[PDB]
Structure formats: structure tokens, C-alpha cells
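Enquirer: For the record, the sequence lines run as chains J and N.
Taking PDB author numbering, the leading residue of the first sequence gets 1, the next gets one more, and so forth.
Taking PDB author numbering, the leading residue of the second sequence gets 1, the next gets one more, and so forth.
In this text, a Cβ means the ideal position worked out from N, Cα and C, and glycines have one as well.
One structure is given below, represented as C-alpha cells, and several questions about it will come after.
Number of protein chains: 2
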Amino acid sequence: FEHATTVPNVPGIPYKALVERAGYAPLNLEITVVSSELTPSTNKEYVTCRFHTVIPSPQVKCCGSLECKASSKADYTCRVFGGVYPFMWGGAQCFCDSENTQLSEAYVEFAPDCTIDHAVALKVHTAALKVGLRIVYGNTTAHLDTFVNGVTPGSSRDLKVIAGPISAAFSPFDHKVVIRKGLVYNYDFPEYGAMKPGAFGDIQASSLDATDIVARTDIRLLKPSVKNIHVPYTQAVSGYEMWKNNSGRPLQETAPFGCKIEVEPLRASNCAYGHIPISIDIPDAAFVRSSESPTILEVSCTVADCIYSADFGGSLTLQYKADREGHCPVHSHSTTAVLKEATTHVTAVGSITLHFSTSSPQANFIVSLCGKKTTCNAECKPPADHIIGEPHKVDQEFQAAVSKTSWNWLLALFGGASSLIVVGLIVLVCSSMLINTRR
Amino acid sequence: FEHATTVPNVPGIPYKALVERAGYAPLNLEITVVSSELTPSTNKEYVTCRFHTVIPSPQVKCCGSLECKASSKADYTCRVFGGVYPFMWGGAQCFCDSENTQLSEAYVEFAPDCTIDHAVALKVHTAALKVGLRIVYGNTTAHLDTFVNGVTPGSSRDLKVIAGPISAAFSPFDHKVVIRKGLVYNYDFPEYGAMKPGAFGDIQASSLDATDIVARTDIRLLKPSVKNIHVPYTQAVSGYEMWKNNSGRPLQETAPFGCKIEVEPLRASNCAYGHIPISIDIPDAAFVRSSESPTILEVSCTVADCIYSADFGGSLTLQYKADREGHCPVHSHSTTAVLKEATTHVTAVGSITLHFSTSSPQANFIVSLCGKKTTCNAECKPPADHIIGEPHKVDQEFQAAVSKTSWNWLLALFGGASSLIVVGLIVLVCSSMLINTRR
Numbered sequence: 001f002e003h004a005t006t007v008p009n010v011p012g013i014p015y016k017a018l019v020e021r022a023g024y025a026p027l028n029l030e031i032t033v034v035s036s037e038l039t040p041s042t043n044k045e046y047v048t049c050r051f052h053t054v055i056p057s058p059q060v061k062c063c064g065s066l067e068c069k070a071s072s073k074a075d076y077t078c079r080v081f082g083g084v085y086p087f088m089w090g091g092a093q094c095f096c097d098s099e100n101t102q103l104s105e106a107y108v109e110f111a112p113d114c115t116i117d118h119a120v121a122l123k124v125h126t127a128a129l130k131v132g133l134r135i136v137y138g139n140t141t142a143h144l145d146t147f148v149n150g151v152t153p154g155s156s157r158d159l160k161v162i163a164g165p166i167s168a169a170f171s172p173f174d175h176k177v178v179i180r181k182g183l184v185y186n187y188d189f190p191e192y193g194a195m196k197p198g199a200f201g202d203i204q205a206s207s208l209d210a211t212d213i214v215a216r217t218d219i220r221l222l223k224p225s226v227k228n229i230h231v232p233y234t235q236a237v238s239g240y241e242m243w244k245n246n247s248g249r250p251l252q253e254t255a256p257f258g259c260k261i262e263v264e265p266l267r268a269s270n271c272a273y274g275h276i277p278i279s280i281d282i283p284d285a286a287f288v289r290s291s292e293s294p295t296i297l298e299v300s301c302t303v304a305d306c307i308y309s310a311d312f313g314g315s316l317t318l319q320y321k322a323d324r325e326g327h328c329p330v331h332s333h334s335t336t337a338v339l340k341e342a343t344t345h346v347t348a349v350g351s352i353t354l355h356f357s358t359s360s361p362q363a364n365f366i367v368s369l370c371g372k373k374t375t376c377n378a379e380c381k382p383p384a385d386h387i388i389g390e391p392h393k394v395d396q397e398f399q400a401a402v403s404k405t406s407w408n409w410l411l412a413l414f415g416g417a418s419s420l421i422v423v424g425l426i427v428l429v430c431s432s433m434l435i436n437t438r439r
Numbered sequence: 001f002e003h004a005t006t007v008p009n010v011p012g013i014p015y016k017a018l019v020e021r022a023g024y025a026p027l028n029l030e031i032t033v034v035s036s037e038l039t040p041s042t043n044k045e046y047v048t049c050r051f052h053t054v055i056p057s058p059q060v061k062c063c064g065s066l067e068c069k070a071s072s073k074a075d076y077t078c079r080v081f082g083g084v085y086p087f088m089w090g091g092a093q094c095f096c097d098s099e100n101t102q103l104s105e106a107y108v109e110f111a112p113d114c115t116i117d118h119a120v121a122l123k124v125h126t127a128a129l130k131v132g133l134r135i136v137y138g139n140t141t142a143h144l145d146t147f148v149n150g151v152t153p154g155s156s157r158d159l160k161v162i163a164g165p166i167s168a169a170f171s172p173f174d175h176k177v178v179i180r181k182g183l184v185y186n187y188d189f190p191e192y193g194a195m196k197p198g199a200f201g202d203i204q205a206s207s208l209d210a211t212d213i214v215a216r217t218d219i220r221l222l223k224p225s226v227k228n229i230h231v232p233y234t235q236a237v238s239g240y241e242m243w244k245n246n247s248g249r250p251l252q253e254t255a256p257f258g259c260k261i262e263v264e265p266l267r268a269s270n271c272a273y274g275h276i277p278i279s280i281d282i283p284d285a286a287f288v289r290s291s292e293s294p295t296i297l298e299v300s301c302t303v304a305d306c307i308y309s310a311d312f313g314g315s316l317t318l319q320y321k322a323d324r325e326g327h328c329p330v331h332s333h334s335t336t337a338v339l340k341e342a343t344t345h346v347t348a349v350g351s352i353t354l355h356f357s358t359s360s361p362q363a364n365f366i367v368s369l370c371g372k373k374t375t376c377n378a379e380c381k382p383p384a385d386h387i388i389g390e391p392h393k394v395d396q397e398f399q400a401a402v403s404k405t406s407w408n409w410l411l412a413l414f415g416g417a418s419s420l421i422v423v424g425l426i427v428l429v430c431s432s433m434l435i436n437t438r439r
């Protein structure tokens with residue numbers, strides 16, 4: 001027996017259903033999304049951090065002439081200066097003081113502490129949703145993990161479940177993401193090679209230990225002026241530090257739909273949105289024919305005080321006549337009414353107290369016990385409490401929250417105009433026909 | 001001095017231009033796409049190969065009953081059977097002829113040869129193009145590698161180039177790709193976990209040696225039926241072999257635009273399509289004032305026999321009168337004409353014979369020598385050969401790819417009708433005027 005439902009993607013909130021086989025007793029089913037993991041596919045564009053600007057020791061030709069040779073270091077910069085005549089401790093490191101060419105060399109690398117403090121740039125793609133699910137049918141329960149795509153099945157030893165696709169796809173991540181010490185930022189970054197001094201990614205590499213480090217930090221050498229040997233230079237501030245100062249709040253604190261952004265691997269956990277269509281192939285052994293479970297004769301519903309709060313703020317009683325002691329499942333067949341309990345011991349003759357939650361000001365919902373139904377009609381007051389730390393267990397339906405008094409008044413006011421226009425038309429027709437007869 | 005051009009993305013075919021700063025002599029710029037690789041953003045989803053069906057040794061509880069457990073191994077399959085009464089070599093392996101419960105266990109792993117003979121399933125997205133470009137300006141030639149996106153720059157010691165964005169976006173790879181031994185296939189494969197037995201991807205894993213292998217080979221065990229011990233079983237045929245047999249042609253032999261597909265990393269080299277905009281800031285040292293380069297007093301053009309084709313089949317002669325001996329650049333500003341030479345020696349007065357190629361039936365193209373123009377008009381016949389092993393160096397237009405004789409005939413036959421209609425309107429107006437005046 002294959003049963004298909006549309007379970008709301010709301011972790012921690014059970015969904016109750018009643019499989020109603022044609023020739024067998026109905027069986028209870030409860031569906032609990034224990035966990036969900038929306039994980040995208042990531043590729044490491046590069047890793048950036050506070051660059052260490054390393055300046056190799058300057059070299060001086062005595063009074064000959066040096067030349068700048070091209071290298072492959074990150075933002076390699078080299079310059080030639082004329083007569084310098086450097087001083088160290090005696091004060092003359094070079095003879096022939098004129099034409100005293102000096103070479104100034106500088107480049108950048110990764111700082112020693114970058115092994116931990118570093119930002120990884122990623123491009124995220126279409127994200128697949130995986131849900132951990134607990135299903136309990138009748139007396140037997142099972143745990144499983146499935147992929148929400150509509151093709152990937154889940155198998156638990158008798159149970160075959162097909163989940164998905166999601167009704168409305170959503171990915172909190174933009175096209176491009178940055179990861180720093182577990183903090184996620186949806187901040188666009190320059191592409192590989194497209195580097196900008198003073199901005200994020202002002203030093204890029206494929207790995208911390210990778211030797212193909214590429215840098216463009218806008219470093220320029222300056223002519224030395226003091227007698228003592230030293231190479232001056234100027235350089236733009238670390239754009240990584242600038243981004244860190246102006247990083248903004250991480251995605252953990254601004255991801256919509258209230259869900260935890262985790263790393264290693266990048267993913268979003270317990271993240272409620274839309275619905276999942278799930279089809280379960282219940283094993284035939286679970287069912288039992290209606291001749292075994294007692295079938296009640298007649299049942300009546302008396303609704304107690306009801307409040308359409310976010311919790312089980314309603315109660316009712318079911319008075320039943322039956323043939324034998326049993327364990328009937330109890331269900332609510334309305335979309336704006338849920339029940340705390342799914343099954344109950346049932347005697348031959350008696351009554352049972354039940355609890356329920358709703359969201360409309362009116363209750364007009366169908367309860368059912370060992371298959372057979374009964375309407376319950378009631379008026380519910382607004383909830384006394386303003387705020388609860390518990391999510392709403394149902395959703396108010398389109399124009400189903402209109403109370404009986406409001407319905408009566410609105411229908412009366414519209415029907416007044418409707419009656420007025422029809423009597424106007426019949427009066428007009430009567431006058432026209434009267435004139436035609438007496439014309 | 002920034003000069004912007006639209007270089008056609010065609011490897012091996014030079015693009016020639018003339019930069020004309022107002023107060024300085026013109027300079028010749030040859031721009032040659034030596035190499036160009038388009039690499040997409042890639043991420044490994046899983047690998048697959050022909051499963052090795054590993055079937056552990058059976059166990060018999062010799063006078064009792066066992067229970068099958070559960071494990072996380074790839075496609076863990078286990079079954080329990082009743083009395084078996086197995087034989088080894090002697091004639092007996094259990095007493096208790098009844099109640100000889102047996103356990104059959106089986107699963108799948110990667111075959112030892114899968115370390116090389118395996119397929120990798122990838123998901124690709126928008127691809128950035130990288131161009132290796134040789135630029136010759138004046139008397140200086142330089143080589144560069146850059147990303148054609150309009151922001152990523154390139155620099156060669158005085159040259160400063162910004163290329164992109166590509167005019168037309170194109171990637172020869174569909175959203176899902178497969179790689180096997182360097183052969184690239186544009187195949188749609190099952191998603192991670194969306195595993196169908198008997199087809200490609202029947203086994204998946206994130207790495208060859210990973211222990212978290214997921215597998216679904218549709219393995220079903222049978223009750224042993226012979227006296228001797230064994231574990232009968234049937235299994236779906238390896239879908240990897242089925243895809244190998246029905247792999248079709250690889251993407252190397254189907255990629256359009258003649259794009260050579262290479263692996264490690266996956267990319268397409270020498271992929272000619274569209275045009276790339278390039279802005280080059282030429283160093284000020286190359287330019288020279290007009291007073292130094294010999295300005296030519298005048299020029300006359302005489303075009304010899306020509307055929308519009310890909311090769312340099314057309315020829316012309318320039319009679320030049322000048323004042324000093326120099327090295328003028330020669331250019332064609334027409335879109336449908338290119339020159340073999342870009343810099344030619346010039347004397348006080350003389351003749352120079354040049355070669356050129358075009359694509360129009362008639363050459364109506366303007367040549368320029370040290371900035372001074374000449375509208376070369378000619379009449380090119382269709383070529384002799386049908387097929388050349390050399391690409392066309394000029395695009396085919398519509399406003400110019402029509403013979404002047406056909407232009408004249410078409411215009412005459414279309415203007416005859418216009419003349420007829422205007423004389424018709426004139427005679428109608430004359431008749432109206434005559435009947436109005438004479439009424």
C-alpha cells in the first residue's frame with residue numbers, strides 16, 4: 001500500500017495521518033522531520049590572508065651597474081637607483097662613490113600565522129536537500145535519512161520512502177561565499193587573477209603551502225635618502241584586514257527561515273520552508289483487517305472550551321458505543337485541526353476526553369475513530385496569552401478564519417443589495433410589459 | 001595612450017591596426033592570439049567503476065538460529081535460511097539434520113583495477129576564458145597571459161592590457177559531464193544518492209580509497225539447493241560496463257568551433273568564437289613626433305590582378321613621393337581587407353609592391369601609408385581552387401560582398417519601378433489639375 005502526503009518542511013513538528021485501506025482497518029502514521037541539511041556544492045577558488053611583505057636584503061654593486069631580472073614571486077617588485085654610498089658601522093661599504101648602483105627588491109608571501117586566520121573564497125552551486133526522518137506506523141517506528149529529490153529512495157528493512165521535490169527551492173547563499181574561522185559571509189569577491197589593492201583577495205593562492213602565490217598589493221619602491229643602508233617602500237594596506245573590519249554580520253545571524261549555517265562541509269541545518277511530497281510504501285504485514293480491531297457502532301462529539309492558540313488549547317469529548325475492547329486510532333481530517341493523541345484504548349460503551357489545536361476562530365472539523373467520522377462545531381475565543389515560545393502547528397487557510405457572525409453579517413449585507421437589484425429588475429420588466437400591453 | 005580594439009578570437013590569424021596619435025606618427029600594432037583556454041568551474045561529485053562483488057564466507061549456527069544484523073557497508077546484503085546440511089570434503093559438516101540455520105552475506109566494493117579504469121562525474125557551470133597573446137608594437141614584441149573579462153589586467157614591463165568581456169558566451173560542456181581516462185562525455189548521470197541499478201553510477205564514492213562507499217547493485221540471494229556448501233546469488237549487470245559499451249563518441253570529436261578538449265584540468269584549448277575587446281595603453285616612449293618619420297608628399301594606388309580568397313592572393317602597387325628615407329607602416333582601414341606587410345621602407349620617391357587579401361568581389365578599400373590615405377579600387381575575380389587548408393582571414397559581409405556590376409543592375413531594375421511610379425503620380429496630378437482648371 002502506497003500512501004502519498006505533503007509533509008510541511010518544519011523540523012520538530014509531528015505530522016499525523018491515517019492510512020485508510022479499503023478492506024482493512026485504518027492505521028495511524030506519524031512523520032517527524034528530525035533533521036534537515038541543505039548542503040551546496042563548493043569549489044575552492046582561493047585562500048587569502050594578511051600578507052607578509054618580505055623585503056630581501058638589498059644588493060649594491062660597488063660602482064658598476066646592476067639590472068632588474070624578472071621573477072615569479074607574488075607582486076615581485078624590483079628597482080635600480082644610482083649613487084647611494086651606503087653606511088653600516090664604519091660608513092663606507094663601496095669604493096668609487098659615484099655611479100654606485102643599488103638594487104631594491106621586494107615581494108609578499110603568506111604570514112606565518114595564516115594557517116588558522118585565513119579566508120577561503122568559494123563559489124556555491126545548486127543545493128540538494130537531505131532530511132533525516134522518523135516514521136512510526138501503528139506500533140513500529142523507524143529512523144532513516146533520504147535525499148529530497150523525488151528519485152532517491154530510502155529503505156528501512158521493510159519501508160520504502162520517496163521524498164521530494166521541494167515545492168519552492170531556496171538557497172540562503174548567493175553565487176559567491178567567503179568562509180573565515182567558521183563564519184560565513186555572502187560577499188562577492190574578485191575572480192582569480194582579477195586582483196585589487198586595498199580590497200578583499202589582495203593576495204590569492206590555491207593553498208596555504210602553494211608556491212603559485214599571486215599578489216597585486218600596489219607596492220612601490222622609493223629612492224633611499226639617509227646615509228645608512230636601508231630600502232624604503234610604500235604599499236597599500238592589507239585589503240584582507242579592511243574586509244575583516246568591514247566584514248559585517250555573518251550569515252549565521254542573517255540567514256532567513258531561521259536555520260543554522262554550518263561548516264566542514266558548508267551546509268544549512270534544520271531549515272524550514274515549503275513542503276516535501278513523501279510517498280511511503282507501508283508493508284502489508286502492518287495492516288490488520290477490520291474484523292480484528294473493534295469497529296464502534298455510533299460516536300458523538302461534544303466540544304469543550306476551545307482556544308485557537310499555537311498550542312493544544314482545545315478539548316473535546318467523544319461518546320462511543322462499541323462491540324469489543326480495542327485500541328482505536330483517532331484522527332482529525334481537517335487542515336485547521338490537529339490532535340495531541342493519535343490512538344486510544346476503547347471500551348464497549350463509554351466516553352473519552354481528547355485534546356486538539358486549531359487556528360481559526362471557528363471549529364468546524366471532522367474527527368474520526370476506527371475509520372468512521374463525526375463533525376465537531378464550536379466557537380473559539382482569541383488566545384489570552386500574547387506570545388508563546390512554540391511554533392504554530394497549523395496554517396490559517398485562505399478565508400477560512402472568518403467567524404460565523406462575520407459570515408452572517410457580510411452575507412446579509414451583500415444579499416440586501418442582491419435582493420434590491422433583482423427586485424429593481426423585476427419592477428422594470430413589469431413596468432415595460434404593462435406599458436406594452438396597454439400601449 | 002589608450003587604444004581600444006575588437007580582436008577576433010581566432011588563434012593563428014594576426015589582427016593588425018594602426019594607432020594614430022595626433023601629434024605623433026602612426027604606429028603599427030599586431031595582435032596575435034597564440035593560445036586561448038576556456039576552463040569551467042569544476043567540482044567532483046563522485047567516482048564510479050565496475051564493482052567487485054565481495055561475498056564474505058558464510059556462517060552456520062550448527063544447531064540453532066542466527067539473526068541478520070545491519071552495517072554501513074556499500075550495499076550490505078544479508079539473509080538467513082533454515083536447514084542446509086553442508087558438506088566440505090569428508091561427508092558432513094553438521095549434526096542436527098533439522099535446524100541447521102545458515103547466513104548468506106554479500107556486498108560490493110571497488111575492483112583493484114578501478115584505481116585507473118574509472119569514471120569521474122562532474123557538474124560544471126559558467127567558464128572564464130584565458131588568452132595568451134603576443135603583441136608587436138613599433139619595434140617591440142611582447143608575450144602576455146590574461147583573463148578576458150574587462151577587469152583582470154596584464155602587464156609586460158611597459159605594456160598594459162585589459163581584455164574582455166567576451167562578446168558571446170559559450171561553453172561546449174553541458175551542466176553535467178563525465179571523465180574516463182581523459183575522454184570527456186556530455187552524459188547526464190544519476191545525482192549523489194539517486195542511484196538506479198543496472199545503469200551508470202550503480203556505485204558511487206567521493207574517492208577511490210574512501211570507506212564510505214554507497215552502492216546499489218540490486219543483489220538478491222537464493223536458498224542453497226545443492227548438498228555442497230555455497231551461497232547462490234543473482235545480481236544486476238554492472239551498469240558501468242553497459243555505459244562503457246554504449247558510451248557513444250567523446251566530446252573531443254563533437255565539440256563545435258574546433259575546440260580541443262583537454263583534461264587535468266578539464267578545459268577547451270584554441271576555442272575560436274566571437275571577438276574580444278582589448279584596451280592597450282601603449283608606452284609613450286614608442287611614439288615619435290611626425291617631424292622625424294618621413295611624411296610622404298603624396299601617393300597613388302594601382303591594383304593588379306586579385307582574387308577574393310583566404311590566402312594573400314591580391315596584389316597592388318603604391319607610387320609614393322616623400323621627402324626622407326624611413327620605415328612607414330602600411331594599413332588598410334577597411335573591414336574586408338588585410339595586408340601581409342605592416343612596415344615597409346620608403347625612399348624620397350619610388351614604387352612599392354604589396355600583397356593583400358580580401359573577401360568582396362570588388363576591392364573598394366582605403367590604404368594608409370604614414371597616415372595618408374588612398375582609395376584603392378579594383379575588380380577581383382572568383383578564385384580557382386575550391387578548398388584551402390588555411391582559415392579565412394576576413395569575415396564575409398553583406399553591404400560589400402556583392403559585385404559592382406550586380407549592384408548597378410539591381411539598382412537600375414529597382415529604380416525603373418520608382419521612376420515609373422513617380423511619373424504615374426505626376427501624370428495623375430496633371431490630369432487632376434487640368435480637370436480642375438477646365439471644369
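Kindly provide the ranges of any beta strand (DSSP E) runs that are 3 or more residues long and lie completely inside the segment 270 to 313 of chain N, ordered along the chain.
Expert: 275 to 281 and 296 to 303
Enquirer: Use the C-beta contact count for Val178(J): other C-beta atoms within 10 angstroms, 16 or more gives buried, fewer gives exposed.
Expert: buried
Enquirer: Closer than 9 Å, Cβ to Cβ, to anything on chain J: give me those residues from the segment 49 to 60 of chain N, in chain order.
Expert: If the cut-off is 9 Å between Cβ atoms, the segment 49 to 60 of chain N has nothing near chain J.
Enquirer: Name, please, each residue of chain C whose Cβ falls closer than 8 Å to the Cβ of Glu191(N).
Expert: The structure shown contains no chain C; its protein chains are J and N.
Enquirer: Would you tell me roughly how many angstroms separate the C-alpha atoms of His386(N) and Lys260(N), rounded to the nearest one?
Expert: 26 Å
Enquirer: Going by other Cβ atoms of all chains shown within 10 Å of its Cβ, with 16 needed for buried, is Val184(N) buried or exposed?
Expert: buried
Enquirer: Are the segment 87 to 107 of chain N and the segment 38 to 46 of chain N touching, with three or more C-beta to C-beta distances below 8 Å?
Expert: Segment contact: the segment 87 to 107 of chain N against the segment 38 to 46 of chain N, fewer than three CB-CB distances shorter than 8 Å; contact not assigned.
Enquirer: Applying the criterion that 16 or more other CB atoms from any shown protein chain within 10 Å of the CB defines a buried residue, is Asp395(J) buried or exposed?
Expert: exposed
Enquirer: Does the separation of the CB atoms of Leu316(N) and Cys328(N) fall below 9 Å?
Expert: no
Enquirer: Going by beta-carbon coordinates alone, are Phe147(N) and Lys130(N) separated by less than 9 Å?
Expert: Yes.
Enquirer: Closer than 6 Å by C-beta to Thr234(J): which residues in its own chain qualify, once you throw out the five before and the five after it? Chain order, please.
Expert: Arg220
Enquirer: Quick one: which chain N residues come within Cβ less than 9 Å of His125(J)?
Expert: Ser41, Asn43, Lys123 and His125
Enquirer: Please report how far the alpha carbon of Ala342(N) lies from the alpha carbon of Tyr187(N), in whole angstroms.
Expert: Approximately 48 Å between the Cα atoms of the pair.
Enquirer: Which residues bound the alpha helix (DSSP H) around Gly239(J)?
Expert: For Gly239(J), the enclosing alpha helix (DSSP H) has its first and last residue at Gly239 to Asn245.
Enquirer: Rounded to whole angstroms, how far is the Cβ of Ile388(N) from the Cβ of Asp311(N), which I believe are closer than 8 Å?
Expert: 7 Å
Enquirer: So what's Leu18(N) in DSSP terms, helix, strand or just coil?
Expert: The three-state secondary structure of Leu18(N), taken from DSSP, is strand.
Enquirer: Do you know offhand how far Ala384(N)'s Cα is from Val402(N)'s?
Expert: Those two C-alpha atoms are separated by around 19 Å.
Enquirer: Output, in sequence order along the chain, the residues in the segment 194 to 213 of chain N whose CB is closer than 9 Å to any CB in chain J.
Expert: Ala194, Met195 and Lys196
Enquirer: With a cut-off of 9 Å, does the C-beta of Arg157(N) fall near any C-beta of chain J?
Expert: For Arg157(N), the answer is yes, since a Cβ of chain J falls inside 9 Å of its Cβ.
Enquirer: Which value, in whole angstroms, describes the spacing of the CA atoms of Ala25(N) and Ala286(N)?
Expert: Note on geometry: alpha-carbon atoms of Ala25(N) and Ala286(N) lie some 10 Å from one another.
Enquirer: Could you give the DSSP three-state label for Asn28(N): helix, strand or coil?
Expert: strand
Enquirer: At the 9 Å Cβ level, is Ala70(J) part of the contact set with chain N, yes or no?
Expert: yes
Enquirer: So does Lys340(N) have its beta carbon nearer than 8 Å to some heavy atom of the ligand MG?
Expert: You won't find the ligand MG in this model; it holds no ligand whatsoever.
Enquirer: Helix, strand or coil: how does DSSP classify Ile352(J) here?
Expert: strand
Enquirer: Classify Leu354(J): buried if its beta carbon has 16 or more other beta carbons within 10 angstroms, exposed otherwise.
Expert: That one is buried.
Enquirer: Give me the residue from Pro153(J), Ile278(J), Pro56(J) and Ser309(J) with the minimum Cα distance to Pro197(N).
Expert: Of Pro153(J), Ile278(J), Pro56(J) and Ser309(J), the residue nearest in Cα terms is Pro153(J).
Enquirer: Indicate whether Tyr320(J) and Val299(J) have their beta-carbon atoms separated by less than 9 Å.
Expert: yes
Enquirer: Going by DSSP in three states, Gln319(N) sits in which element: helix, strand or coil?
Expert: strand
Enquirer: Can you have a look at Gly248(N) and say buried or exposed, based on whether 16 or more other CB atoms are within 10 angstroms of its CB?
Expert: exposed
Enquirer: Tell me whether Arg79(J) sits in a helix, a strand or coil according to DSSP, three-state version.
Expert: strand
Enquirer: For the putative contact between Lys381(N) and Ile307(N), defined by C-beta atoms under 8 Å, what is the C-beta separation to the nearest angstrom?
Expert: Cβ-Cβ separation between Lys381(N) and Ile307(N): approximately 5 Å, consistent with a contact (criterion under 8 Å).
Enquirer: First and last residue of the alpha helix (DSSP H) that includes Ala412(N)?
Expert: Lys404 to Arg438
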